[PDB]
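Going in written order, the chains are labelled A, B, C, D, E and F, and every chain counts its residues from 1.
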Amino acid sequence: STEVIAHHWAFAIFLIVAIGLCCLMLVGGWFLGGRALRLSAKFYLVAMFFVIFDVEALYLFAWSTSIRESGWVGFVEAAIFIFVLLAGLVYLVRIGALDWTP
Amino acid sequence: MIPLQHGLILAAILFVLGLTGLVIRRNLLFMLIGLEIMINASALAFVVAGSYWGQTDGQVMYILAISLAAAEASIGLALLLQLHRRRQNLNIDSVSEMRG
Amino acid sequence: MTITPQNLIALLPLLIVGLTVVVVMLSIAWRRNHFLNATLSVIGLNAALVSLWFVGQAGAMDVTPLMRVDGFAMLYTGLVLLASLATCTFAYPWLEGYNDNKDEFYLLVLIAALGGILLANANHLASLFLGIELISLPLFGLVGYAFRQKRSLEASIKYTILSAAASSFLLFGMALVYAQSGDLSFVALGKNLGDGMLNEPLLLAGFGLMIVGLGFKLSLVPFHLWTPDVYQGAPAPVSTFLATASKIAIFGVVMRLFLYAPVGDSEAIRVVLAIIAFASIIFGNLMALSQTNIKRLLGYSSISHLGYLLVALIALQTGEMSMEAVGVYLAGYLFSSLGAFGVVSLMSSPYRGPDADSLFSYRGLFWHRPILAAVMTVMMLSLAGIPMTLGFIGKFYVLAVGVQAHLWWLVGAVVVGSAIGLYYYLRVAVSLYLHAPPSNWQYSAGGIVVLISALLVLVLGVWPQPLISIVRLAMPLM
Amino acid sequence: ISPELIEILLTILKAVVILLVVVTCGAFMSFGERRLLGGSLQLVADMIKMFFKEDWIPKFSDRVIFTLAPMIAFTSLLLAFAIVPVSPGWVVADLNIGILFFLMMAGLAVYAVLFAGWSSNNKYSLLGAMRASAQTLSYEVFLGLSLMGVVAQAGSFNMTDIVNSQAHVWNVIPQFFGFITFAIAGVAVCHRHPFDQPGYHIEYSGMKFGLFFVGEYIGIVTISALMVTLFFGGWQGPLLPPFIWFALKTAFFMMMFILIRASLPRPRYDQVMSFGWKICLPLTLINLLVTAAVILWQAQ
Amino acid sequence: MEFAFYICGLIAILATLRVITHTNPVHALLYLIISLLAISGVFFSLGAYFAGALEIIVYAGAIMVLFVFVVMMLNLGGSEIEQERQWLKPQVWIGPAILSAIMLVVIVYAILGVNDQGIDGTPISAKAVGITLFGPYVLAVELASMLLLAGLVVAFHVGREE
Amino acid sequence: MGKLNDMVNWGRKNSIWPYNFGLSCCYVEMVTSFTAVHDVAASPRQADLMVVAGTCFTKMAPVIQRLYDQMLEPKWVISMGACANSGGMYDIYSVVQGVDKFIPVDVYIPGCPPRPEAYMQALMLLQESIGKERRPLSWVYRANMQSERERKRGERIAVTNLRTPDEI
C-alpha cells in the first residue's frame, strides 16, 4: 500500500528530525560562545516494588485489550490475579515496606 | 523474508556473549548483568521461534521469561546489596569459604 | 482449553496451596504471629494432601494445554506435599531461635510446594519452565534465610547465580526445541519427524541445553559442584526441602518429558543420559569418602541417588516397570532423606545466632540422643541399599530395571557405587555409636516425623508390597 | 513525480509541522507561565543567550551521562507526543501499540533524572535525585494501569480507535478515577509542581539547563494532548473544526496545569510515597475490574 | 523490514560485546540499555509488537532502572573495580572465550541444519497475546503472579537494612 | 556579520538572570524590589549577573569569591550601595573595603541603601554597556562608555530651585 508506508516515512522523519534537533541543539551550545552519606535501602526496596508491580501491570496490559474476547472466565482469572496482587500490596504496606515515615 | 536460522543465530550469539560475561567477570554485578543478557537472549529466541510459526506462544514464553528475569534480578541485587553491606566488596573469589 | 468445574476439581491441590499462600500472607499482614502462620501453612498443606483423594475421584484428564492430572501427578504431588510438611515441621524449632522475621519462611515453603505441584501436573514446556522457576526462587530466599550467617549468604549467592544460569540454559534449549517442533506440548516434541529422522540436530541441541538445566537441578555430573556447598550453607530445614522436594518434583517432570516425547527414545539422548548417570553414580560416591561434614556427605549422596534414578529413567522407553521403579525409589529416598536431614535439623535447632556455628557433631550421639541416633543409623543403612530397608527395595528395582534393558555398564556402576556408599555410610553409623567427650512439642513433632520415617523405612523394607501396590496404582496416561 | 510521492511528501510535511508546533508551543508556554506568574522577542533573546552561553562540562564528572540526561528529558516526551492524533488524517504514526509507546517513552524518561543524579557528583544532589527517581517510579507504577480502563473500553491500543470509541460519550465520564489517576501520574512523572522537588538541575548550565526546561514543558504539552485524546474525545466536537477543538482542549489543560502549580502546596515526601503506593494503585486496579465488569455486563 | 532486523541485530551484538568488556558499570549498563532497545527493534521487525513494547517497558524501563539504582547505591568511585582490569589479561579471558566460541559453533551448526521457510513478519498484536494468555495459558498467568510474589518476598527479606 | 553580533548582544542584554547575593540591608531593599509596587520584572551556574549588595566582610569574602568563580562567561557584576563599592562607612578591621578589591565590577550604585529604582537604572546602564561592547562569537574588548556624571552634568547644574524641607 501507500498510506502505511507514507506513515512509516513520516514517523521515521519525525524520529530522526527530533533526535537531530536535540543533537544539533547541544552541538550549537557547545560550539558557539567564547571560553575562559549512607544510602538507605528503602530506595532499592521501592525500585524493586516498581519492577515487580510493573510486570504484573504488563499482564494486566495484555488482558485489557481483549476483555470481551475472554469473557467472564477471563474476568474471573484476572480477578484472581488482581486479588493476589492486592494481597501482596496490603502485605507490603502492613509490614512497613512502603512506610517511609518513622 | 527473514530466515528463522538468522534470528536463532542472533539469539545464540547473544546467549554466548552473556555466558562469557558471566564467566570472565569477578565482580558480582557484571555476573548479574551477564545473567540478564543470557535470559534476554533466550527470550529473544522464543520470540523468533513464535514469530516463525505464527503462533502466539512465543510472546507468552517471552512474558514468562522476562517475569523470571525481573524476579531473578531483584533477588540477585538484594543479595549483592547484602554482600556489599557485610563484606564491603563484591569480588566473588572472596566468597569461597565452603569447599572440599 | 477452557476450565470446567470438574477441571477445577482436578486443579484442587494447586488451588488450595495458592489460597494458603494468600491466607498466610494476609495473616502476616494482620499480625506477625509465628505459631498461627506455621499452623495455617501446615493446615493448607494437609488440606491439599487430603484433597488429593477428591482429585483421584475425578479421574485422569487434561486441565489446560499445560496441565495433565493423573495418578502419576497425584503421586508426585503427594511426595512434594509430604516433603513440604516435613520442612515446616523441622523449620519451626529452627526458626524459634531466629531473632528476625520467621513467617516469610512458611510463605516461601508454600510457594515452592506450589511449584512442585505444578511440576507434578506438567504436560507443557511452559508449565515445566514455570514450575522449575517457582521451585527455584523461594529456594533462593530459603537457602539464604539466615543471610547474616556467612556460609548461608555464600550458599544463597552461589545457588542464585548458578540456578539463574541453568534456567537460562533450559529456556534457550526450550526455545530451540520450539523452533524445531512448533508446539510446546510434551507429546509434540519430535512428532513432525519420522522414519529415522528423529535425530534432528536442532531438536537434539535444544534437548541438550534443557538437559544442562535439568541436570543442574538434579545435581547430575558435571552440573553437581554446587550441591555440597549449597547443602552445607543452607539452613537445615532448607537442606531437607532442597534434597527432597526439589529433586522429586524435577525428576517427576523429567520422567513425564521423556515418557511423552517422541524424541525421548533417541539413541543419542539415551547414550548422553547413560554417560551422565554413570559419572553421577561414580563421582557422587567417590567424593563422599573423606567427608567429615554430614551436610556435604548427604549432598554427594544426593548426587549418587539421583544417578541411580537416572539409570531407572534410561530404561523407560525399553522397559515398562521403569515408572514403578522410579516411584518406589523416590518414596524410599524421600523417607531416607527426610529422616537424615531431620536428625540434622533437630540437632541444629534452635538457631543459635548468626555468629556461632551450625555443625552437627555426629560422634557419640547415642549416649545423649539415643532415638535420633537410632533414626540416623537406620537412614544411613537405608541410603546404603542394605536389606531390611526401603532404600534396598529401591536399589533392587533400579537393578531389575537395568538388567531388563541390558544396561550392563549402569549395572556395574550401581554395584561399585553401592560399595563405596557402604563404606562412608557405615563410617557415619559407627561414628554415631562411638564415644564422645527441646522441651516443646514442636521439637517433639519433628522427632515424631523422623521416627515415623524410620519406622516406614524399616517396615517397607521388610514388607514392600503396600508401596508397590500404591505405586503401580499411579499410572499416567499411556 | 507521482501522486503517491506527493502523498508521502505531504505526510512528511505534516509530521514536521506537528513537531515544530509542539516544540514552539513548549517554548511559548514556558514564556507564558513565566509572564503569568510582545514577548516572543524576549524568548528569542533567551534562546540566543542559551546558544552563546559557555557550555561547561564539569571536570570531576562523566561526559556521556551528563550530556545524555537532557537528551533523554527532551526526546522521551517528544517521541511520546509522536503518537497523538490531532485531526482525522493528521497523525505522525498510526501505531498499533499507541499508549504502549507512551509507556515506553515514560520508562525511558526516568533515566534523565537518574543520569542527572549520577553526573551531579554531589551527595545532597545524588540523594535528592534518588528521592526524585523513587517518586517517579512510585507514580509510573500505575500510569498504564490508569490508562487500562480506556484501553479496555476501546478494546484496542490504537489512539484513533480510542477517540472513535469516545464518539457518544467522552471517557472522562466512565473512566473518571482513571482520569484522576492519569492526571496525578502524569503530573508526578513530568515533575510538575506539587511534586517538583522532594535539586538535580544544579551544575547544568546554559544549553543543558535550557534542554531540561524546554523538555519538561514539552512533556506538559504531551501529557495535556494525551489527556485530551484519552479522556475528552480527542478531535471530536459538535460544530467547530476538529483541530480547533483539540487545540482548545489542550490549551485548557495546559492552563489547568498552570493553575494546579499556582493553587496547591507541597505535600511531604512520605505523604507522596504513601499516596502513590496506597491509594492510586488499588484505585487503578479496582477501576479496571469495574470497567471489565461493566463491559462484559452490557455486551450480553 | 529485513534491513531493520539486520541493523538492530548488529547493534545488539556490538552493544553486548561492549557490555561484557567494559570496566565502568554505568557505561556497561548504558550499553546494555542500547542492546535492549536494539533487541526491541528486532522484535518489532518480526511482528512481535507486544514483545518489543515490553522489552522497552519492562526490560529497559524497569530492570535496568533497578540495576542503575544498585550501581548508584554502591557509590562506585573506584571501589576495587576500575583499578584491576583483570579480565583483559588473556590468561583470564582467552580460555572462556574459546569455550564459548566452541559452544557457539556447535549451536550454530545445529541451527543451520533446520528447515527454514522464513519469517513472514505478520504482526501478532497484543490482542492475540491477551486472548491466548487468559485462555489456554492462564494457569501460567496465576502461577507467574505467584512467582513474582516469591521474588518480592525473597528480595524484601534479603535486602532490608535494619 | 555586523547584524549577527548586534543580535547576539541584543539577546544577551534582553535576557539577564541576576544572582542577587546580598548580605545586609541592601539585600532587604532588593527583597522589597521584587514586589508588585516596584515591578522589577536561581543558581550561580546558570546566572549571568551577580549583584553584590551589602558589606563584604573578611569572612564572607571567600564565599563571594567562590560564588563568582562558579559563574560562567559572559558574567557581569553590579555593586549596590556604599559597602559593596568602597566599604562604605565601615572603614574597620573586619570589612573588606569594596568588593572590587577581589572581583571586577561592571556597574556601581551609590547609596546606603539604594532604592530599587536605582537598581533598575543600573540594569539599564548594564544593558547599554552590553549592547555597546562586543565579544567573540565562537571559541574580550569592553566599550569605554561615557561616564554618567559628565553626561548628566548639564541637566544637573541647570537646577536652580528645590522644594523647601518645611512642607511635604
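Quick note on the criterion: a residue touches a chain if its C-beta (ideal position, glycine included) is under 8 Å from a C-beta of that chain, and two chains touch if they have at least 3 such contacts.
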item	value
Shortest chain-hopping distance from chain A out to chain E	1
Chains in simultaneous contact with chain A and chain B	C, E
Chain at maximum distance from chain D, centres defined as averaged CA atoms	C
Far-end chain from chain B, centres as C-alpha averages	F
Contact-richer chain pair [D-E vs A-F]	D-E
Averaged-CA centre spacing for the pair chain E and chain C, given as whole angstrom	31
Mean-CA-position distance for chain D and chain C (Å)	52
CA centroid of chain B to CA centroid of chain F, Å	61
Approximate Å spacing (C-alpha centroids) for the pair chain B, chain E	6
Overlap residues in chain C, where contacts from two or more other chains coincide	2-3, 18, 25, 126, 130, 133, 137, 140-141, 144, 147, 156, 176, 179, 202
Touching two or more other chains - residue numbers and ranges from chain D	51-54, 100, 130, 133, 137, 144, 155-157, 206
In chain E, residues with contacts to at least two other chains	50, 54, 57-58, 61-63, 65-66, 69-70, 72-73, 107, 111, 114, 125-129, 131, 133, 135, 137-138, 140, 142, 144, 146-152, 154-156, 158-159, 161
Inter-chain touch pairs (all)	A-B, A-C, A-D, A-E, A-F, B-C, B-E, C-E, D-E, D-F
Partner chain E, residues of chain C touching it in the complex	1-3, 11, 14, 18, 21, 25, 63-67, 100-101, 104, 107-108, 111-112, 114-115, 118, 126-127, 130-131, 133-134, 137-138, 140-141, 144-145, 147, 156, 176, 179-180, 200-202, 204-205
Chain D to chain E touching residues, read off their complex	62, 64-65, 68, 96-97, 100-101, 103-104, 106-108, 110-111, 114, 117-118, 126, 130, 133, 137, 144, 155-157
Contact set on chain C toward chain B in their complex	125-126, 129-130, 133, 137, 140-141, 144, 147-148, 150-151, 153-158, 160-161, 164-165, 167-168, 171-172, 174-176, 178-179, 182, 184, 202, 228-229, 232-233, 291, 296
Residues of chain F touching chain A in the complex	72-74, 135-140
Complex interface listing, chain E residues touching chain A	50, 54, 57-58, 61-63, 65-66, 69-70, 72-73, 75, 125-131, 133-135, 138, 141-142, 144-146, 148-149, 151-152, 155-156, 159-161
